[PDB]
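Some notes on the structure that comes next.
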Amino acid sequence: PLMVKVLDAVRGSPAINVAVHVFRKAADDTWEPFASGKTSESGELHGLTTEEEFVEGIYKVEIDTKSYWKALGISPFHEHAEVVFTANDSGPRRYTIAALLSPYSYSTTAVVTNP
Amino acid sequence: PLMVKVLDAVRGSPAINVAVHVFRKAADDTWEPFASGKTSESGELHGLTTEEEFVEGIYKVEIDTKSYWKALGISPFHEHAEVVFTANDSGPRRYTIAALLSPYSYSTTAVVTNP
Amino acid sequence: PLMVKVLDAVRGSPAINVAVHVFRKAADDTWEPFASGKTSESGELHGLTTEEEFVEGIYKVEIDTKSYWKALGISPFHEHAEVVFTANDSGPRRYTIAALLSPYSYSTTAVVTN
Amino acid sequence: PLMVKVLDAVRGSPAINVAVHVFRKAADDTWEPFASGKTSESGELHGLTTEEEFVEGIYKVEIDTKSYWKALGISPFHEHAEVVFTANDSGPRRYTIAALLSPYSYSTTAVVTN
Ligand SMILES: COc1cccc(OC)c1/C=C/c1cc(Br)c(N)c(Br)c1
Ligand SMILES: COc1cccc(OC)c1/C=C/c1cc(Br)c(N)c(Br)c1
């Protein structure tokens, strides 16, 4: 129900080995760790959560772009890219969070489908 | 060897039923029709060409964004999005041309892999 | 030393009257208010800080995209757009943070000049 | 009535000295030269046309991205970036075409104002 896709706008490739941390806003308004992983050789990260676990809430998907660029050699502008959204508030949906990375820029989109 | 992926930044969905026309620059410097198709329900268009057919050259992938937006109801800025690139000049590669559409904007990227 | 520019990809216009909040990361890892404002008719927000106050550190620029879309009667995906970066003195002097907004997507870049 | 703004997503800067060629679609469906120039130090190109000359029609703005990247010693994907649009009098008066460049990608938007 939650997938992340990351592309590299410099290389024209998937962004591989990108760390991703997901948080969910708690009752007390803190950001609780929810899940985490790394993108694959295809720039994809699946298996973050289950439909049972992925309840309604406000989620933050933090993509560790700095760590990606620095592992490359390369000094980027942003600390990370954070994507924050309400999920599942009209029932369960499947979410793909995509990001396209450059050293001083990124774009992000969502694909939301109703299974 | 040539795939096209189109997303809709307004709806948060694949861009379905988008017409795509591919041209290849000829010896005489004209743009010859090469292939064409429509995106699927997943916003993807496969089956445009074969490795045999997809020789070295300068290719133009014209994504008919205006027709997409107008079929929607909706009056957009651009006539189309054109993606022009040299392909296969270091031997065969697989190319994915992606576009993310809004009424007054688009972004495009390439994913190039060596099979 | 710090400017924000916001554009609207649906209407082909500056994004006007967008709330923007800037925070600086404190020693205890919390985010403290730094500057805020609303974008102008040109989608710009100037006058956020001065050279004196804008010291090296980690800053967050939070753009209230949800309220922007809702005011236009459009349903959006994101709660906000967040741009988090380090200001570094050995780089050029002026930072412009730009964002290009759509309901389910945004783009952001930095223009850092001398 | 027509301005072009080009930014560099790798270096976080204006894209300076980029060649830009503007064409207008002729009655016979060919593209005829209209205006050209090179972006300034601020990544801008002004002075392309006048209100008198910039009549309704289909225009193409071709940004020579390949030469830009090659001059920086970087290998790029695209031959150029093409932006094709109709100018319509019943819309706002001034058109700004912006582009944000990376070696294997670009973004473009229009800001159309009165
Ligand atoms: C879900 O997204 C995908 C899934 C599979 C394959 C894909 O491309 C090969 C994509 C592309 C995503 C994408 C994201 C952003 Br942001 C921009 N700007 C662009 Br252009 C494209
Ligand atoms: C008219 O545009 C401008 C005028 C003055 C200053 C500007 O930034 C400092 C801009 C930004 C343009 C812009 C274009 C794209 Br395409 C994307 N993706 C992004 Br983000 C931003």
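All Cβ positions, even for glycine, are placed from backbone atoms using ideal geometry, and neighbour counts span all protein chains on display. Coordinate-derived values only; no laboratory data.
List of remarks:
- Some residue of the range C:43-52 being near ligand 2 (Cβ under 10 Å from one of its atoms) and over 27 Å from C:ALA27 (Cα atoms): yes
- Every residue from the range D:70-95 that is away from chain A (no Cβ under 13 Å), of a type in the set (A, V, I, L, M) and out of contact with any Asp or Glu (no Cβ under 6 Å at 6 or more places or on another chain): D:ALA71, D:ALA81, D:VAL83
- C:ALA26 vs. criteria within 14 Å of chain B (Cβ to nearest Cβ), touching a strand residue (DSSP E or B) at 6+ places or on another chain (Cβ under 6 Å) and not polar (S, T, N, Q): no
- Pairing residues of the range D:37-59 that are within 14 Å of chain B (Cβ to nearest Cβ) with residues that are among the acidic types (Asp, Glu) and assigned to a loop (DSSP other than H, G, I, E, B), at Cβ distances under 9 Å and at least 6 apart in sequence or on separate chains, gives D:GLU56/D:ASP89.
- Residue within the range C:62-69 that is touching a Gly at 6+ places or on another chain (Cβ under 8 Å), within 13 Å of chain B (Cβ to nearest Cβ) and under 17 Å from A:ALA81 (Cα atoms) present: no
- Checklist (1) within 16 Å of ligand 1 (Cβ to nearest atom); (2) within 29 Å of D:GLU41 (Cα to Cα); (3) touching a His at 6+ places or on another chain (Cβ under 6 Å) applied to C:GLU82, failing item: (3)
- Positions within the range B:54-76 being free of Cβ contacts under 8 Å to residues at least 12 places away in the same chain and either within 15 Å of ligand 1 (Cβ to nearest atom) or assigned to a loop (DSSP other than H, G, I, E, B) (or both), in sequence order: B:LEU72, B:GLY73
Listed here are the residues, each with its yes/no results for (1) in contact with a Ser or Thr (Cβ under 7 Å, 6 or more places away or on another chain); (2) within 22 Å of C:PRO103 (Cβ to Cβ).
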{"residue": "A:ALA15", "(1), (2)": "yes, no"}
{"residue": "A:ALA19", "(1), (2)": "yes, no"}
{"residue": "A:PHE23", "(1), (2)": "no, no"}
{"residue": "A:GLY37", "(1), (2)": "no, no"}
{"residue": "A:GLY43", "(1), (2)": "no, no"}
{"residue": "A:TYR59", "(1), (2)": "no, yes"}
{"residue": "A:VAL83", "(1), (2)": "yes, yes"}
{"residue": "A:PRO92", "(1), (2)": "no, yes"}
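- Residues in the range D:25-39 that are surrounded by 16 or more Cβ atoms within 10 Å (Cβ to Cβ) and of a type in the set (S, T, N, Q): D:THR39 alone.
- Taken as a whole, the structure leaves B:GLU44 outside the set of residues that are farther than 30 Å from D:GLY57 by Cα, touching a residue at least 40 places away in the same chain (Cβ under 8 Å), more than 16 Å from ligand 1 (Cβ to nearest atom) and away from chain C (no Cβ under 14 Å).
- Residues of the range A:77-114 satisfying the condition of being part of a strand (DSSP E or B), closer than 20 Å to B:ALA110 by Cβ and within 16 Å of ligand 2 (Cβ to nearest atom): A:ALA98, A:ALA99, A:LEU100, A:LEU101, A:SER102, A:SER105, A:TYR106, A:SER107, A:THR108, A:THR109
- Selected residue (criterion: surrounded by the most Cβ atoms within 10 Å (Cβ to Cβ)) from residues of the range B:67-96 that are among the charged types (D, E, K, R) and facing chain D (nearest Cβ under 9 Å): B:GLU82
- Inclusion of D:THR49 among residues that are in contact with a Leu (Cβ under 6 Å, 6 or more places away or on another chain) and within 16 Å of ligand 1 (Cβ to nearest atom) is not warranted.
- When residues of the range C:43-66 are limited to those that are surrounded by 14 or more Cβ atoms within 10 Å (Cβ to Cβ) and of a type in the set (S, T, N, Q), the one farthest from C:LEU101 (Cα to Cα): C:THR49
- When the range D:96-114 is limited to residues that are under 14 Å from B:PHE77 (Cβ atoms) and at the interface with another protein chain (Cβ under 9 Å from one of its Cβ atoms), the one that is farthest from ligand 1 (Cβ to nearest atom) turns out to be D:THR113.
- Neighbours by Cβ (under 7 Å, 6+ apart or cross-chain): first from the range B:1-25, surrounded by fewer than 19 Cβ atoms within 10 Å (Cβ to Cβ); second part of a strand (DSSP E or B) and of a type in the set (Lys, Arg): B:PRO1/B:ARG94; B:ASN17/B:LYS38; B:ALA19/B:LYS38
- B:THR49 being within 14 Å of chain C (Cβ to nearest Cβ), among the polar types (S, T, N, Q) and in contact (Cβ under 8 Å) with a residue 40 or more places away in the chain: no
- Within the range A:1-30, considering residues that are in a strand (DSSP E or B) and within 22 Å of A:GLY91 (Cα to Cα), the one nearest to the other protein chains (Cβ to nearest Cβ): A:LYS25
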